[PDB]
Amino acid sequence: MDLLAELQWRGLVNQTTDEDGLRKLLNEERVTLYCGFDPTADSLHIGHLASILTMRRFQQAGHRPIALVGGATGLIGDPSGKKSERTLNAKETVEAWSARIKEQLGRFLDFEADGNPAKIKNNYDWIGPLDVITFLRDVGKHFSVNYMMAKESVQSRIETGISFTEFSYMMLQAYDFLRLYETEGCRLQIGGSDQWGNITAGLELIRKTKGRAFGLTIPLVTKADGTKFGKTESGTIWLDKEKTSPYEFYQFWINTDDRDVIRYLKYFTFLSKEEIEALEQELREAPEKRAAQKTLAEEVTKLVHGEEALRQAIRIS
């Protein structure tokens, strides 16, 4: 209702399986929602913050978030939003990366709350021990090859090429939703823009096994110049302060172009509408002051690294 209207205002809603059905439910019950994160490196990056902070927003509005670490799926690899087949990482690598990722995820959510404390989960726990036969029969029987081929992630790659490995990824993500739906009463899955297919696959599986649940996607973060959000000359802006220092993190945000600053405040910060609006007027009236930029920089650096880290960043600058 107002949560969803707020996300809309912020521009955090790309698509929704059924807006009125979801608004209703959000408004009538404490909803268990989840977001999955695959270890593709030893650290998350700014590419994951939209999803992370959106979970947080959901939690603040009284819902219960489940952060899913892709221990199993990170061993397969999601073709979604990828133009090329990826290289398979080793079990040891993925296993090691999952542990770190788990740590950074925890920073953004509340574990102390009673009623809606978060949960961090690893899909390795239910996918790890699943036998191929069970998988092909219990999950696979539910999907025709024709439904799967039409998926953006696959459609986008058939000429380019895609192994059966990556083609099947959707089944696993599908399965995650079902399992979470069953064991945790999970009724909503959220994710970036590229996850639509995987999410809807999950819904198809629930529907076909149960005959209820929703999916929401966040839009790709845009730049006025048409370049790739987070594509720096320095390389990736990581959430690990040992890869990307708080100073570098801080600088990154401080250098937001005037064109993007207001979309980024809405996306990445917990400033109200009236605060965000006031900054817009300040942006208009005194753009050399860079008030929108400092506010973004401090807000986001505090979120991710904390005040002390922010304090250093400021004094280093």
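Each residue number is its position in the shown sequence, starting from 1.
Visitor: Indicate whether the chain is continuous between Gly226 and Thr227 or, if not, how many deposited residues are absent from the coordinates: none, 1 to 3, 4 to 9, or 10 or more.
Guide: Per the record, no deposited residues are absent between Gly226 and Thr227.
Visitor: Averaging CA B factors per stretch from the PDB record, which one is higher: 116-124 or 236-244?
Guide: Averaged over C-alpha atoms, the B-factors run higher in 236-244.
Visitor: On average, are the C-alpha B-factors higher in 27-35 or in 45-53?
Guide: In the deposited entry, the stretch with the higher C-alpha B-factor mean is 27-35.
Visitor: Which one, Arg107, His142, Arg207, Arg187, has the peak C-alpha temperature factor per the PDB entry?
Guide: Largest recorded C-alpha B-factor: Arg207.
Visitor: Would you mind checking which of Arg137, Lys83, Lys151, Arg179 has the top Cα temperature factor in the PDB entry?
Guide: The record points to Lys83.
Visitor: Sorting by Cα B-factor within the chain, modelled residues only, which third would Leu68 end up in: lowest, middle or highest?
Guide: CA B-factor rank for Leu68: lowest third.
Visitor: Taking the entry's C-alpha B-factors for this chain, is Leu88 in the lowest, middle or highest third?
Guide: For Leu88, the deposited C-alpha B-factor lands in the highest third.
Visitor: By the record's CA B-factor, is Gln155 among the lowest, middle or highest third of residues in the chain?
Guide: For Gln155, the deposited C-alpha B-factor lands in the highest third.
Visitor: Mind checking which third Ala309 falls in for C-alpha B-factor across the chain?
Guide: Highest third - that is where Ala309 ends up once the chain's C-alpha B-factors are sorted.
Visitor: Using the temperature factors of the C-alpha atoms in this entry, rank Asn146 within its chain: lowest, middle or highest third.
Guide: Middle third.
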